[PDB]
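Notes for the one structure printed next.
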Amino acid sequence: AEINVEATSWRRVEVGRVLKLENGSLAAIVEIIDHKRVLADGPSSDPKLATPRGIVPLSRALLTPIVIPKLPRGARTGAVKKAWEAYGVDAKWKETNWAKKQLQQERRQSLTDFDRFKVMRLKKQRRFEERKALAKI
Amino acid sequence: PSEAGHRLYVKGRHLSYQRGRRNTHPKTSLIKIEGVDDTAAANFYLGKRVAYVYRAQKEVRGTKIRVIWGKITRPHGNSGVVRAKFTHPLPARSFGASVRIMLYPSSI
Amino acid sequence: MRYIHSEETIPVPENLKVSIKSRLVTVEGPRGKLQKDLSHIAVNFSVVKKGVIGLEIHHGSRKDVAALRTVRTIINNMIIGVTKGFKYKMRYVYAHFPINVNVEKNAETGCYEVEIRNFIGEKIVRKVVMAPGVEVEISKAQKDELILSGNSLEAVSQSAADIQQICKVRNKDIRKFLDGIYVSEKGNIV
Amino acid sequence: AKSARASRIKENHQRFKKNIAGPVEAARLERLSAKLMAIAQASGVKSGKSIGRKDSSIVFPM
Amino acid sequence: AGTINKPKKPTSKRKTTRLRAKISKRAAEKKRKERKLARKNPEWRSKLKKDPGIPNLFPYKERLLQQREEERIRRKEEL
Amino acid sequence: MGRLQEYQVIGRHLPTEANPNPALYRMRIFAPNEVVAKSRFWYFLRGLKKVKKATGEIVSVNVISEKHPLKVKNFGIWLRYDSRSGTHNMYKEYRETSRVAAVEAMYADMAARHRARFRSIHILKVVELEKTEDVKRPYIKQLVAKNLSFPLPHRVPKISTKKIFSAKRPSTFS
Amino acid sequence: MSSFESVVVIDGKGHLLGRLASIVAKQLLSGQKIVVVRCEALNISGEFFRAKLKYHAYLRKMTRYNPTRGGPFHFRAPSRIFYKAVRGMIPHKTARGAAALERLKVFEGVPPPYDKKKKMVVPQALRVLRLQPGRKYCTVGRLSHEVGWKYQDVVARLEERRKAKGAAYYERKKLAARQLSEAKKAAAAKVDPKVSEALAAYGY
Amino acid sequence: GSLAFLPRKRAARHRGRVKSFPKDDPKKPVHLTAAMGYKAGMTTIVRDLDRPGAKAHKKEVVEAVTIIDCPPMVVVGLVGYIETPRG
RNA sequence: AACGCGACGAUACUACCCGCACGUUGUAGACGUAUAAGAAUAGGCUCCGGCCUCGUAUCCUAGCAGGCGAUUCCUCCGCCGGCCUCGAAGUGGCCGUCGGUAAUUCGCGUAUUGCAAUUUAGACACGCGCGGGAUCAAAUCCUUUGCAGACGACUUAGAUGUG
């Protein structure tokens, strides 16, 4: 019996999955309330990634690929924090590509006017090198 | 070889007047600024200058370019469209037309 | 009521190979190859064990899960067609005018043409073209009978219905004139 | 009576067109084509093989 | 029916002012007639109505009913 | 409807020589504000007992809030609603964080499913189901099913409504 | 992002007729030049027999005495159907409306002037973003063909040719992008350690 | 009369145009479709009829025929057409 | 379609085409008017490493409105030719020549428009001028014809010929 299926690979909502909010924050699911709302908590020590324990809608939520392995259902703030530092959620979020793009966006937005000329000039230098490299091939 | 642009204004489009369902008031015009989407973006440009630049048939003092000056007064609605007051009401043929929004007076 | 999960399962024989694309299903086996598009129904195809495929609907209705029972039986029918095939035995009867059935296969378009002559004395020839992949024969095991076999149950059944409909009596007494070609037996080749 | 646009009448006409008139017209067409065929045979840029440009609008003028 | 290939005359939903006035007037007339018939009322009326009570699907019907019973007992013994 | 909170009201008939120290009736209700709370309390007391607004006073009105607004609870609401046929009973179940949220969802659902309005709906008893085996409705049963995990297929991306034109066709997968 | 362009080309495939017409009419009256392509690939919500019934009623509506002048000219082409929607949404009986309609252009398929240009999309009118998955939809091209549009096959053949040429262009794009990737890493060393880390710190 | 030919109007051109050529497929041999001629008049003939099933089968039937003088045509051009969404 | 379109022949004047001097010439309205896969959305892309909410992306973007001169650079751009390519309402590539060209750094000029006043600067279309090539036409009226006809209109014929 040979079966070859390539249909989908979604990300599921369950207890222990951390998800990203439009403030840019992270919160782990503690209890699933309905099919479109969950209860979440962010105990992260980083003030940018901290999220108060409360109800979040999945419409506002965004699913990240990090899942706490055995986070108990209904875990209160102290225990979800214990699991957070046990699993090192901050390091893996930093390693993920979404946070990298967010940081690049933040740098580009906070980049001032002198800095905008500097970037233009340095990209021109890199562009000259890249064109020299591309001319050979 | 500068090969670069020389723009110092923000593009805008005169859309219509401040009007009701029937009655239209040519005193104040509605301006859609390029890139403004919300009332905070509008609040940045409150008070800025606006000029409608058009071409005429006769050159009076060295040019055929005539300009009507005004200022952005207040935001309009929730989509970033602003209300503008000009020294003269706009020709009402310039609905959907271009205006230049100048950054002075500056506060940043 | 928006059921969160509903799952269905289809088992597969050892000697078959199922290749399923976005929603194209292709099945290969000893008898041949059958392909069908199911892109009109929302389903997630999955593997749960070595020799069983899975069909699921999340956040669906009773209409959605009813589609999942139809999607299974259709795929199961295709698997059975590629393993054992399908066969319809039909019989033609008459009272006074023998029904003459001529079956041939044209090189062009690769289809089977069945010609019916002398249906209650009519001078018109009735030509029916089969769906591709259907073999039609006049077997010498019983008289006045025809066998229509193939890989696709839908094609075989539609062909049998086509002959049955083309041999229909008009403006007569149904209780008195008993002539036609009728499906007698339904089953598998193996 | 059956109309000139009847499906069965159209099927009969198709059979007639495929069985008799088809062959007859094909034969006459072959003969006339042979006769007319007999009557008939009774650098890229400076050669023309490279097809180039000779000698309202769809796009908005920029 | 061949409605798709050969549609018939549409039925206008555009309400006329003559119709709106007539329907409002007849609605008011029906309401007044209902009020007059209710004034007439050749029918009996009782005080206590048939209360359907707690549904059998209530998870705490037993607790609520025993609460009620002990309430009756207490009221009877106190009064 | 609106934003609600628990309002517990004690009111009593105005003291007289004949009957000093009256009964001090009390009940808990759902109102957007204290004025509506007192009006509903007086309406219900007029309907139940022979006490009216003029011959009564409001001893106390306090806001009851939730003991634990952070833990997910299942609520059973027994309610009576009057439609064109008459008064009918319903027990319905809601999975929320508060009795306030349960009552909000109940008004919304009754309006959506039966077109019953605020004065057409009576809240007879709202309870918190102390444990499973007290849930009788299949949707909340499937919500409390063990090891519940589900995907969110066909997620329409949230694009700005002022972004009229896009350069790429959006995806509905994540 | 509320951007003003000279002319914007809208790919009509997978777009709801009325919603796309609303967006296009608002843009035209604000002063933006619109070019809609693949009007035969446009979509209409509901089911095909409902759309065909509506169009047959439209055909039923006709002037008695003289069909030549004053009568409703029943245009059968999908571009003309979309134009009818946009005209019904624009005050065409005014000079302003006439100017907006002169700013509008519509075509069937993608003509060679517009095949090498960028085609934008309107997410506020897309079928896959708007309709519920279980709901039916029909094709404006199919409706036009069943009402009497004579050039479905010609447009189909031209689209096939355009898609083949686009596949060739995309193979060339693959070659160019692969060479660009190789060129970037090859001069990743030959540059200046400062510039590189400088760009990384500044977000590039 | 017939609403097919009505509004009745003078022909825009004296020559008269074909308006429809027979559908073309590559399998058939190469041939021309139409021709020109000048009407000369009509005459009477008789025909040894060979129409089966008719009352005049194997009999002589007098029929009226028309004569069109057809001098040979001279070819002076070649026109190439293309298919577009507009026709 | 008499305010829809295509192909072709001949186009005297006028000026048909070519280059710039431009125009106190027009434009429901330039100011970087930059950006081609297709297809699916209960899936897709790929260099086959992996990647995909996110066009808040990529390209381009410095220099008297962008001057002059150097060290250094072989990168970008445009005009002409050659070979081919593009017909759905018709273009792009390769090669070549020729002209321009901050990827690094420096020098000599900018002042005075006086504390802002559209930074008159783009494209297509049209018109006057020169100096280079070239062309050297028809229709209507009139007479006639009758395949036509209320009147117009239409089919015909008038330049040395089968008039």
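Points worth noting:
- Counting only residues at least eight positions apart within a chain, or on another chain, the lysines with an alpha carbon under 22 Å from that of G:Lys184 are A:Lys100, A:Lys101, A:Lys118, A:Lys123, A:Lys124, A:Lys132, A:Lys136, G:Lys173, G:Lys174, G:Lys194.
- When you work out D = kT/(6 pi eta Rh) for the stretch G:128-200 at 10 °C and 1.306 mPa s, using the Kirkwood radius from C-alpha pairs as Rh and the Stokes-Einstein form, the result is 90 µm²/s.
- Between 0 and 90°, nearest 10: helix E:61-78 axis offset from chain E longest Cα axis: 50
- In degrees, nearest ten, helix C:62-83 long axis to first principal axis of chain C (Cα): 60
- For the peptide F:141-154, the mean number of other protein chain Cβ atoms found within 10 angstrom of a residue's Cβ is 6.
- Here the contact order of the stretch C:13-66, divided by its residue count and restricted to Cα pairs under 8 Å and six or more residues apart, works out to 21 percent.
- Cα centroid separation - the stretch G:125-158 against the stretch F:130-174, whole Å: 30
- When chain A is treated as a Gaussian network with alpha carbon springs shorter than 10 Å, the biggest mean-square fluctuation among A:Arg11, A:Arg76, A:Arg126 belongs to A:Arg126.
- Note on C:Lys50: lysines with a C-alpha under 27 Å away, same-chain residues under 8 apart excluded, are C:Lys17, C:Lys21, C:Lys33, C:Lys36, C:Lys84, F:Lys146.
- Of the residues F:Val61, F:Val156, F:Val135, the one that moves most in a GNM of chain F with alpha-carbon contacts below 10 Å is F:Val156.
- Three-way shape label, chain E, alpha-carbon gyration tensor, a/c 1.5: oblate
- Convex hull per residue volume in Å³, alpha carbons only, for chain B: 141
- Chain G - share of DSSP beta bridges that are antiparallel (%, nearest 5): 25
- Leading residue at positive end of dipole, the stretch C:97-149 (Cβ point charges), from C:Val129, C:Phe97, C:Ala141: C:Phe97
- Dipole of chain B, positive end: most advanced residue of B:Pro75, B:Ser98, B:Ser16 [Cβ charges, Cα centre]: B:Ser16
- When you filter the GluC sites (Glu not before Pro) in the stretch F:1-109 for DSSP loop state and at most 14 other Cβ atoms inside 10 Å of their Cβ, you are left with F:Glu17.
- Residues of the stretch D:20-51 with amide N under 20 Å of the 7 Å Cα→Cβ point at H:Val61: D:21
- Highest-first packing order for the peptide set G:155-161, B:16-22 is G:155-161, B:16-22, based on the mean count of other beta carbon atoms within 10 Å.
- When the square roots of the Cα gyration tensor eigenvalues are ordered a ≥ b ≥ c, the ratio a/c for the stretch F:1-121 is 1.5 or more and a/b does not exceed b/c, which makes its shape oblate.
- Put a dot 7 Å past the Cα of F:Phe173, heading toward its Cβ, do the same for A:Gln102, and the two dots end up 2.3 nm apart.
- Only helices enter this figure: runs of n ≥ 4 DSSP H residues, each worth -39500 (n - 2.57), summed and divided by the residues of the protein assembly as shown, yield -10000 deg cm²/dmol at 222 nm to the nearest 500.
- Semi-axis lengths, largest first, of the ellipsoid equivalent to the protein assembly as shown are 66, 49, 39 Å, with √(5λ) applied to each eigenvalue of the Cα gyration tensor.
- C-alpha long axis of helix F:34-48 to longest principal axis of chain F, angle in °: 60
- Anchor E:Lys50: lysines whose Cα lies under 25 Å away (excluding residues fewer than 8 positions away in-chain): E:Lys40, E:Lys61, E:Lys76, F:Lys49, F:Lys50, F:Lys92, F:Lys125
- Distance between the stretch C:42-100 and the stretch H:1-66 - C-alpha centres, whole angstrom: 58
- When +1 charges are put on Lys and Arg Cβ atoms and -1 charges on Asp and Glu Cβ atoms, the dipole computed for the protein assembly as shown relative to its Cα centre reaches about 5600 debye.
- Of all DSSP bridge pairs formed entirely within the protein assembly as shown, close to 90 percent run antiparallel.
- In the protein assembly as shown, taking the dipole from charged Cβ atoms about the Cα centre, the farthest positive-side position among E:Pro10, F:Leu124, B:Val50 is held by B:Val50.
- Among G:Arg135, G:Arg38, G:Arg162, the largest mean-square fluctuation in a Gaussian network model of chain G (Cα springs under 10 Å) belongs to G:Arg135.
- Relative counts (whole %) of C-alpha pair distances in the stretch G:52-158, using bins that are 10 Å wide: 11, 31, 41, 15, 2
- The ellipsoid equivalent to the alpha-carbon distribution of chain D has semi-axes of 47, 30, 9 angstrom, derived from the gyration tensor eigenvalues as √(5λ) and listed largest first.
- Look at the Cα gyration tensor of the stretch C:1-151: its axes a ≥ b ≥ c give a/c of at least 1.5 with a/b over b/c, and that counts as prolate.
- When each of C:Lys63/F:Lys158; E:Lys49/F:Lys52; B:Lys11/G:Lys33; C:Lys127/C:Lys168; A:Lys20/F:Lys71 is checked by Cα-Cα distance, pairs over 18 Å: C:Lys63/F:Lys158; E:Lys49/F:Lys52; A:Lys20/F:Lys71
- Taking the DSSP bridge list for the stretch F:35-156 and keeping only pairs wholly inside it, about 100 percent are antiparallel.
In this analysis, Cβ positions are derived from the backbone assuming ideal geometry, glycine residues included, and neighbour counts consider all displayed protein chains. Since every read-out is calculated from the coordinates, none of them should be taken as a lab result.
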